[PDB]
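Here is the structure we will look at, set down as structure tokens.
Below, read A as the first sequence line, B as the second, and so on, with proteins coming before strands; counting in each chain starts at 1.
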There are 2 protein chains.
Amino acid sequence: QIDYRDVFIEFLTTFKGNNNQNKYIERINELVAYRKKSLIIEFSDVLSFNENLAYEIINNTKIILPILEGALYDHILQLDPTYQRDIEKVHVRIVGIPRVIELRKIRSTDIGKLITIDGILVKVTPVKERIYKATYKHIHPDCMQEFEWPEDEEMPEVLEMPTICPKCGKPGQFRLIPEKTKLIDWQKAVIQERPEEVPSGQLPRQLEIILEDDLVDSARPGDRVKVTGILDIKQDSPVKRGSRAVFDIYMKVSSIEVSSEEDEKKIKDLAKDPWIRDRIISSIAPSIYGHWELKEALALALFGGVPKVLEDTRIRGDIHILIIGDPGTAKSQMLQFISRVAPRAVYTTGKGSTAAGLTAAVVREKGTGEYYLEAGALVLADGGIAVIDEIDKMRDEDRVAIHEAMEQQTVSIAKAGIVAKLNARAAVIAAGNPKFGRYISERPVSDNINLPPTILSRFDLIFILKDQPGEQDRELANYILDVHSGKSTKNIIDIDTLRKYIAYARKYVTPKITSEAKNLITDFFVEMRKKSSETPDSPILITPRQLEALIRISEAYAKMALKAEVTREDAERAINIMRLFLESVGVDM
Amino acid sequence: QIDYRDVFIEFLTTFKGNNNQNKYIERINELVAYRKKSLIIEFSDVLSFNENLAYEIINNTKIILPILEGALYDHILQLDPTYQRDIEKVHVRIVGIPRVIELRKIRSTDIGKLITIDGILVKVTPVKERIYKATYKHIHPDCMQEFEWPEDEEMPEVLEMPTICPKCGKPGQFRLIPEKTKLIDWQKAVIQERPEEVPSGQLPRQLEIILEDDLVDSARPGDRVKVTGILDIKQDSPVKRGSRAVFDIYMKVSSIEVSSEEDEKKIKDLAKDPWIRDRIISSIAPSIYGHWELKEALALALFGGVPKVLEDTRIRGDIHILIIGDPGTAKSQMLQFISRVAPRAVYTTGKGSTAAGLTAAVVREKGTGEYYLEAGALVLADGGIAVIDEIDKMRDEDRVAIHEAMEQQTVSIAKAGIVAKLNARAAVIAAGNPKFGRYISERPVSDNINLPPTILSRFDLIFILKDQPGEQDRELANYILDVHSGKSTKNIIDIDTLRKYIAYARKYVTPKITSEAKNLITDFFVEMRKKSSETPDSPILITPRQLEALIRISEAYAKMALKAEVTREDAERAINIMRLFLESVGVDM
DNA sequence: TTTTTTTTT
Ligand SMILES: [Mg+2]
Ligand SMILES: [Mg+2]
Ligand SMILES: [Zn+2]
Ligand SMILES: [Zn+2]
């Protein structure tokens, strides 16, 4: 009756964007440039342009989608005839569907229609190949005939061989020819519901999703995704009877998105403020009163330094923080916020974690009895932040397992005939209590901390928190009561904007040390060593690691302002913050 | 369409190398002399000669390799008819394909094409036999007929039996005839992607490869390889249905490289410089300031001594080094460099290693239920170097398991009805911290080291590193900042050249001890022992092993300069380095 | 059962 082929073509070439630039024309041209084969379409734009087409897509997806894909191919084909013989067909993916269903609310009425699901990826299988059009040869001394079996039909997910030879009308034995068989990429992944959606008491549930063609390897485990596609039932051996007419549910993904130009200008405008550093610092844990030096230190760990990769060695660029404090000083509240604003973070505790779970585990799969590696907490946090609450409660024989990952940023395993090395480039933030629960001033600093000097040298900054009831109790009491009353602080960057800001900085900014910063850093390091040698009593050691901590911190300060060079101003701040760190552990500079 | 037989023969006989020596002519003669049945052709040579031929090999590989193989066979057979009846057919292997694809980015479009993958070898199976042309016998009271079942076609990967007897056109049951069956060698290996190309937060992937004919047993596990061949889908159980329309992929290897005259010329001229020893020492860990004695000791372990094999016993020729130091003294950075410059090295840590994993593991195969052995780190490092970081962090019950491999260089297993003895000729490099993290000067050496005297006696050299701040801080700070600023030290042999130099020295050099060096070593050992008896409380003991250490070190010094005899000078250097080791551990000389 | 890495009484 009505053809949407023209409307779809009209929509793509005639659609004014936010800045009136025909964004979809630009997207198509970018697709031809690198042969992307996949085009992303916003549902809202289709609804804004022509509503009638929008309902057709969301309600008749299984029919109208192949029609649009063919129409798009011709339009691209006209733009570039050379697009052939490298790409044979394209894919149209739709995002922004309003039909969002919780993973626990799926019922029979939701099967067969395009829906959207939000969850967490937990398992990804290696990419494999699926046959969708096989080629067979009849093994019968008369035939020697080659044919494609699923004629006029895509081969189903259950393989089936012909029973009668089409070219001779005889039964017999058929042989598959891999050379003439058509294949498509295939990957299986498992999604899990968010903890915020799990009801009280029960464990989270899981759903199986299938990724095909270019959708494979689109995300890594631990990511938060929004999948869109068609639900369907799952079968393994339909021929194998014995009742059991009960089937599971699997999700046939058509478009996946993880976690725009408008953000860049929004981010770029933020960096133009001269007081951007102070605004960022004041935006860390707005619900916590005071602890200005601690808030500043946590900001540095989020940005980090510049890792240096050389032809012979590599230098760690991550910043590690240690906090020791009396109970009730909001150590854990701050760590919770960090795991929320960090683009990638893993939260663990000292008691609830083991040496094998922190780095890597060797397990025997019951399917084959063969040992294989399992990623640990530090490995999964690669490129992110690892948070280790209650570090003092962790067994010492287990805590030593992270010494290598803290400095060399690798995990080495030699167990059960498996020798492997895994990257663990993650920043470690840890908190804990002193030896006797509360800090005791009479005893020396050495026995209060109760940690080996080997692990203390691996932390760039160490802060000791003391809860002394003084004149600020009234200020603290009023601040807390305001939080419980719903009153909040304004003129602070929200979490979502801040998370976008940090991710941009860690990807496009790489400061360089200038000569002016070199002299200041060198002079202060020499001063450190002389002071430390004078008093060989403090439990901390001024090793060459402390010199590199100055370099890492200096780059982080420059990175927070999206600067390209480490000026003298950043060097002074880096020296200043470590002066406070040294004062905390009782070293007077 | 033009015949390429003449062009291929023309290229073989008329190609001029760097010296215009007709290199491939020499290769054919070597092939004829040794009956090697395999030819290696560099792709870039073919492209330079005839670009049209090079393209055809890349693209039309399925139906052009047998054509060239036949043409080459006739040329060889014409050259020497005696080559026939010894070699039925020859193989042409092409090396240097421009099409290189990472293991993780293989898609359906790459199946059926000649591609190159570079990875790490992991597992190798014993050589087996594959039937490529069967010979059955229709046993039926009237038939008694035998025949080659797959007619005018190679036997497929799937074992299939005839249904109708060709000699009588009747059904029945058939019996295989092993005597008349044709077989071909067959080996299965597993390759793994390199650690430097694994994406962040993910475990490495694996690919299955198949080696046939002379390609079997071309490499050992742990080797870095570059394989070239055709990808294909893998079929395991296609007789029974049940979906499973998803297939894995494997590789049909055509040519394999592991890890020349020009290099040997480069190495030879390097040793001509009288100061070659100092150049090599200065080239060890260029990013680390100072530690000249440590750098020199590490160079010796790279080269090693001369193992002696006698009719009654054998004496090890490897050098073991132990480093004890305060945290932050860059012990791990040097060990990382050693694992990268050595021709063969295995890197492990104290905490991430087990007694079974270091030497050998007994694992029960689930398929058959019988135990079998798996090679540990020391076995895999045979003929190379084993690096054990954080030696003091492993449990003493596990550390004691390497006493035999450290001296006798063998691993003995009496477990689960398996009695075996494996060679573990590997040099051990170890590092660790003192008992209290940092070295305590007031306490003696016995309580600082915290290791049993048995394992200490097995180490040729022991160096204690102390981090004392002093006047060298300013130069140390400047050196580190220059490294971070990108400045590089010149007059340094690069890693690749240095690795080639070490491999050549360990292979073609075997120094002999002269009389002059004999007298010097004897006098020092006697004088060393006499002073040892004066203070018997030291944890170190001057056993007869230390006499062997002097011999091994002296040979290593001679081997560093590609000398053939241990002159007087090399004995002097060996004594001096021993004095530093003794003086460092607290024994004056 | 017997050897192995792992969390658990
Ligand atoms: Mg807490
Ligand atoms: Mg170390
Ligand atoms: Zn037929
Ligand atoms: Zn017959």
In this structure, how many angstroms lie between the [atom2] atom of [N] and the [atom1] atom of [X], rounded?
| X | N | atom1 | atom2 | value |
| --- | --- | --- | --- | --- |
| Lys351(A) | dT7(C) | NZ | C1' | 13 Å |
| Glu397(A) | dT6(C) | CD | P | 16 Å |
| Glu370(B) | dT2(C) | CD | P | 17 Å |
| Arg395(B) | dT5(C) | CZ | P | 10 Å |
| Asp398(B) | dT3(C) | CG | P | 16 Å |
| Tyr372(A) | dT4(C) | OH | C1' | 15 Å |
| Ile413(B) | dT4(C) | CD1 | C1' | 13 Å |
| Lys366(A) | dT4(C) | NZ | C1' | 15 Å |

Between [X] and [Y] (salt bridge meaning N to carboxylate O under 4.0 Å), is one present in this structure?
| X | Y | value |
| --- | --- | --- |
| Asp118(B) | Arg194(B) | yes |
| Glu407(A) | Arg545(A) | yes |
| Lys331(B) | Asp389(B) | no |

key: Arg364(A) (side chain) and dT4(C) (base): donor-acceptor pair under 3.5 Å   =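 Under the 3.5 Å cut-off, the side chain and the base do form a donor-acceptor pair.
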query = Donor-acceptor pair under 3.5 Å: do we get one between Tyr371(B)'s side chain and the base of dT3(C)?
reply =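 Checked by distance alone, the answer is no.
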task = Among residues two or more places apart or on two chains, list those pairs meeting side-chain hydrogen bond (donor to acceptor under 3.5 Å, both in side chains) that have a residue in residues 359-368 of chain A.
result =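 Sorted pair list: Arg364(A)-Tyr371(A).
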request  = Could you check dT5(C) and say if its sugar is north or south from the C1'-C2'-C3'-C4' sign?
outcome  =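 Of the two classes, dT5(C) takes south, because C1'-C2'-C3'-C4' is negative.
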To the side chain of [X], which of [options] is closest?
| X | options | value |
| --- | --- | --- |
| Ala356(B) | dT5(C), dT6(C), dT3(C) | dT5(C) |
| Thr354(A) | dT5(C), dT7(C), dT3(C) | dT7(C) |
| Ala361(B) | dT3(C), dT4(C), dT6(C) | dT4(C) |
| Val362(A) | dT3(C), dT7(C), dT5(C) | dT5(C) |

query = Looking only at heavy atoms, what is the nearest atom pair of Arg399(B) and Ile391(B), with distance?
reply =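 Minimum heavy-atom contact is NH1-O, 3.7 Å.
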